[PDB]
$ cat final-v4.txt   # compact mmCIF, C-alpha atoms
# COMPACT_ATOMS: atom_id res chain seq x y z
CA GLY A 1 0.00 0.00 0.00
CA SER A 2 2.06 2.94 -1.36
CA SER A 3 2.46 6.23 0.41
CA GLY A 4 1.74 8.97 -2.18
CA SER A 5 -1.13 10.20 -4.38
CA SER A 6 -2.03 10.48 -8.10
CA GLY A 7 0.26 13.51 -8.71
CA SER A 8 -1.94 16.62 -8.83
CA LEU A 9 -1.32 20.30 -7.92
CA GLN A 10 -0.91 20.89 -4.16
CA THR A 11 -1.78 23.82 -1.83
CA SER A 12 -0.95 25.22 1.66
CA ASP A 13 -2.79 27.41 4.23
CA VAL A 14 -0.69 30.15 5.82
CA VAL A 15 -2.70 31.78 8.61
CA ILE A 16 -1.19 35.03 9.92
CA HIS A 17 -2.46 36.84 13.06
CA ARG A 18 -1.85 40.54 14.08
CA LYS A 19 -3.37 43.31 16.30
CA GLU A 20 -5.28 46.45 15.22
CA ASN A 21 -2.23 48.66 16.03
CA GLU A 22 0.10 46.82 13.58
CA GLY A 23 0.48 45.61 9.97
CA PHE A 24 0.41 42.44 8.01
CA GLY A 25 4.10 42.76 7.12
CA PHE A 26 4.08 41.12 3.64
CA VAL A 27 4.04 42.51 0.08
CA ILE A 28 2.94 40.87 -3.18
CA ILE A 29 4.84 41.48 -6.47
CA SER A 30 4.45 40.56 -10.14
CA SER A 31 1.17 40.96 -12.04
CA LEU A 32 1.98 40.41 -15.75
CA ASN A 33 -1.68 41.13 -16.59
CA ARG A 34 -0.78 40.48 -20.29
CA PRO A 35 -2.40 37.31 -21.68
CA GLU A 36 0.38 35.06 -23.02
CA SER A 37 -0.65 32.66 -25.82
CA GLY A 38 1.85 29.96 -24.65
CA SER A 39 2.45 28.51 -21.17
CA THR A 40 5.37 30.43 -19.67
CA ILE A 41 6.31 29.65 -16.05
CA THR A 42 4.96 32.92 -14.69
CA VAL A 43 2.86 33.92 -11.65
CA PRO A 44 0.75 37.12 -11.23
CA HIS A 45 1.28 37.07 -7.41
CA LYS A 46 4.10 36.02 -5.10
CA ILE A 47 5.64 37.39 -1.90
CA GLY A 48 8.27 40.05 -2.76
CA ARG A 49 9.09 41.77 0.58
CA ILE A 50 8.40 40.95 4.23
CA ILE A 51 8.91 43.51 7.02
CA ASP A 52 11.67 42.47 9.39
CA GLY A 53 9.83 41.88 12.68
CA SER A 54 6.39 41.09 11.16
CA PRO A 55 3.80 38.43 12.00
CA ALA A 56 4.48 37.28 8.38
CA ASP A 57 8.16 36.52 9.13
CA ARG A 58 7.33 34.88 12.52
CA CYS A 59 4.75 32.63 10.81
CA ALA A 60 8.01 30.71 9.98
CA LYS A 61 6.39 29.40 6.75
CA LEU A 62 5.88 32.30 4.38
CA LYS A 63 8.98 33.72 2.69
CA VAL A 64 9.86 35.75 -0.37
CA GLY A 65 9.18 33.55 -3.46
CA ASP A 66 5.86 32.12 -2.30
CA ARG A 67 3.48 31.97 -5.27
CA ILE A 68 -0.06 32.90 -4.00
CA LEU A 69 -3.30 31.37 -5.43
CA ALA A 70 -6.19 32.56 -3.24
CA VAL A 71 -6.83 34.89 -0.25
CA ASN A 72 -9.37 33.71 2.37
CA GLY A 73 -10.57 31.13 -0.19
CA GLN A 74 -11.11 33.81 -2.93
CA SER A 75 -9.46 33.26 -6.32
CA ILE A 76 -7.28 36.42 -6.66
CA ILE A 77 -6.95 35.64 -10.44
CA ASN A 78 -9.40 38.08 -12.13
CA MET A 79 -9.87 40.21 -8.98
CA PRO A 80 -8.52 43.80 -9.12
CA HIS A 81 -5.68 44.60 -6.68
CA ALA A 82 -8.23 46.85 -4.90
CA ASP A 83 -10.41 43.77 -4.11
CA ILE A 84 -7.36 41.74 -2.96
CA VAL A 85 -6.22 44.68 -0.77
CA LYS A 86 -9.77 44.86 0.61
CA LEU A 87 -9.95 41.04 1.15
CA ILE A 88 -6.85 41.11 3.36
CA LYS A 89 -8.17 44.17 5.23
CA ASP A 90 -11.61 42.49 5.53
CA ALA A 91 -9.77 39.56 7.19
CA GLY A 92 -8.87 42.17 9.87
CA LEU A 93 -6.26 40.51 12.11
CA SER A 94 -6.37 36.92 10.87
CA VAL A 95 -5.79 36.27 7.15
CA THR A 96 -5.44 33.01 5.17
CA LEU A 97 -3.04 32.89 2.19
CA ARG A 98 -3.72 29.88 0.01
CA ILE A 99 -0.29 29.37 -1.60
CA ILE A 100 1.18 26.61 -3.85
CA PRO A 101 4.08 24.72 -2.16
CA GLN A 102 6.71 22.74 -4.12
CA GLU A 103 9.12 19.78 -3.87
CA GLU A 104 10.93 20.30 -7.22
CA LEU A 105 13.08 23.31 -6.27
CA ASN A 106 16.89 22.95 -6.09
CA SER A 107 19.61 25.69 -6.14
CA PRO A 108 18.70 28.04 -9.09
CA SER A 109 21.79 30.30 -8.87
CA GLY A 110 22.59 33.05 -11.40
CA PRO A 111 24.81 36.18 -11.62
CA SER A 112 22.69 37.80 -8.84
CA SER A 113 21.92 37.99 -5.08
CA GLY A 114 18.12 37.50 -4.75

$ encode --input "final-v4.txt" --output "structure tokens"
Amino acid sequence: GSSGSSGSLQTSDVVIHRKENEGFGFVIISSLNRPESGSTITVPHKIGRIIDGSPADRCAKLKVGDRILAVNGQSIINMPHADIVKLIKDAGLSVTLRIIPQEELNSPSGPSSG
């Protein structure tokens, strides 16, 4: 009886908690809201910056690189950034980032320091 599954896309649930006096200390980058005819390996949304000393950083899960998929179960695909901004704010102090994890990463390297 094998461990494993059928090999389908996978997901994770990063909850992050704060107080009303303080931020959610994460930032989303990319967008590329330009319909590409072919499948490139591109994401509209991933983590770009995290505030040093945030509840994001101390979640000890969510780091810069993390491809996002939904926000409190809402598919952030066609949503305007205004909706997505308002969805996080509507979550108040506790927010759920549905992200896509991976197992297929290994050292990318390049002539850079990201």

$ atom_distance --input "final-v4.txt" --atom1 "CA of residue 95 in chain A" --atom2 "CA of residue 18 in chain A"
9.0 Å

$ closest_atom_pairs --input "final-v4.txt" --of "range 27-89 of chain A" --to "range 98-109 of chain A" --cutoff "8 Å" --atoms "only C-alpha atoms" --output "JSON lines"
{"residue": "A:66", "atom": "CA", "partner": "A:99", "partner_atom": "CA", "distance": 6.8}
{"residue": "A:67", "atom": "CA", "partner": "A:99", "partner_atom": "CA", "distance": 5.9}
{"residue": "A:68", "atom": "CA", "partner": "A:99", "partner_atom": "CA", "distance": 4.3}
{"residue": "A:69", "atom": "CA", "partner": "A:99", "partner_atom": "CA", "distance": 5.3}
{"residue": "A:70", "atom": "CA", "partner": "A:98", "partner_atom": "CA", "distance": 4.9}
{"residue": "A:71", "atom": "CA", "partner": "A:98", "partner_atom": "CA", "distance": 5.9}
{"residue": "A:72", "atom": "CA", "partner": "A:98", "partner_atom": "CA", "distance": 7.2}
{"residue": "A:73", "atom": "CA", "partner": "A:98", "partner_atom": "CA", "distance": 7.0}

$ write_last_selection --input "final-v4.txt" --atoms "C-alpha atoms" --output "PDB file, in the frame of the given file"
ATOM      1  CA  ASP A  66       5.860  32.120  -2.300  1.00  0.00           C
ATOM      2  CA  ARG A  67       3.480  31.970  -5.270  1.00  0.00           C
ATOM      3  CA  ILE A  68      -0.060  32.900  -4.000  1.00  0.00           C
ATOM      4  CA  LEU A  69      -3.300  31.370  -5.430  1.00  0.00           C
ATOM      5  CA  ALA A  70      -6.190  32.560  -3.240  1.00  0.00           C
ATOM      6  CA  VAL A  71      -6.830  34.890  -0.250  1.00  0.00           C
ATOM      7  CA  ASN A  72      -9.370  33.710   2.370  1.00  0.00           C
ATOM      8  CA  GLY A  73     -10.570  31.130  -0.190  1.00  0.00           C
TER       9      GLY A  73
END

$ atom_distance --input "final-v4.txt" --atom1 "CA of residue 60 in chain A" --atom2 "CA of residue 16 in chain A"
10.2 Å

$ atom_distance --input "final-v4.txt" --atom1 "CA of residue 65 in chain A" --atom2 "CA of residue 37 in chain A"
24.4 Å

$ residues_around --input "final-v4.txt" --residues "residue 84 in chain A" --least-positions-apart "4" --cutoff "10 Å" --atoms "all atoms listed in the file" --output "JSON, numbers by chain"
{"A": [70, 71, 72, 74, 75, 76, 77, 79, 80, 88, 89, 90]}

$ closest_residue --input "final-v4.txt" --among "A:112, A:22, A:10, A:81" --to "residue 54 in chain A" --atoms "all atoms listed in the file"
A:22

$ closest_residue --input "final-v4.txt" --among "A:8, A:40, A:51, A:3" --to "residue 23 in chain A" --atoms "all atoms listed in the file"
A:51

$ residues_around --input "final-v4.txt" --residues "residue 63 in chain A" --least-positions-apart "4" --cutoff "8 Å" --atoms "only C-alpha atoms" --output "list in words"
residues 47, 50 and 57 of chain A

$ decode --input "final-v4.txt" --residues "range 71-110 of chain A" --atoms "C-alpha atoms" --output "JSON list (two decimals), in the first residue's frame"
[["chain", "number", "residue", "atom", "x", "y", "z"],
["A", 71, "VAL", "CA", -6.83, 34.89, -0.25],
["A", 72, "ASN", "CA", -9.37, 33.71, 2.37],
["A", 73, "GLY", "CA", -10.57, 31.13, -0.19],
["A", 74, "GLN", "CA", -11.11, 33.81, -2.93],
["A", 75, "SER", "CA", -9.46, 33.26, -6.32],
["A", 76, "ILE", "CA", -7.28, 36.42, -6.66],
["A", 77, "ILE", "CA", -6.95, 35.64, -10.44],
["A", 78, "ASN", "CA", -9.40, 38.08, -12.13],
["A", 79, "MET", "CA", -9.87, 40.21, -8.98],
["A", 80, "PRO", "CA", -8.52, 43.80, -9.12],
["A", 81, "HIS", "CA", -5.68, 44.60, -6.68],
["A", 82, "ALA", "CA", -8.23, 46.85, -4.90],
["A", 83, "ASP", "CA", -10.41, 43.77, -4.11],
["A", 84, "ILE", "CA", -7.36, 41.74, -2.96],
["A", 85, "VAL", "CA", -6.22, 44.68, -0.77],
["A", 86, "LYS", "CA", -9.77, 44.86, 0.61],
["A", 87, "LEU", "CA", -9.95, 41.04, 1.15],
["A", 88, "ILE", "CA", -6.85, 41.11, 3.36],
["A", 89, "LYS", "CA", -8.17, 44.17, 5.23],
["A", 90, "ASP", "CA", -11.61, 42.49, 5.53],
["A", 91, "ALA", "CA", -9.77, 39.56, 7.19],
["A", 92, "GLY", "CA", -8.87, 42.17, 9.87],
["A", 93, "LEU", "CA", -6.26, 40.51, 12.11],
["A", 94, "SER", "CA", -6.37, 36.92, 10.87],
["A", 95, "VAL", "CA", -5.79, 36.27, 7.15],
["A", 96, "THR", "CA", -5.44, 33.01, 5.17],
["A", 97, "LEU", "CA", -3.04, 32.89, 2.19],
["A", 98, "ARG", "CA", -3.72, 29.88, 0.01],
["A", 99, "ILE", "CA", -0.29, 29.37, -1.60],
["A", 100, "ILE", "CA", 1.18, 26.61, -3.85],
["A", 101, "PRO", "CA", 4.08, 24.72, -2.16],
["A", 102, "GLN", "CA", 6.71, 22.74, -4.12],
["A", 103, "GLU", "CA", 9.12, 19.78, -3.87],
["A", 104, "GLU", "CA", 10.93, 20.30, -7.22],
["A", 105, "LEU", "CA", 13.08, 23.31, -6.27],
["A", 106, "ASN", "CA", 16.89, 22.95, -6.09],
["A", 107, "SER", "CA", 19.61, 25.69, -6.14],
["A", 108, "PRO", "CA", 18.70, 28.04, -9.09],
["A", 109, "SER", "CA", 21.79, 30.30, -8.87],
["A", 110, "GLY", "CA", 22.59, 33.05, -11.40]]
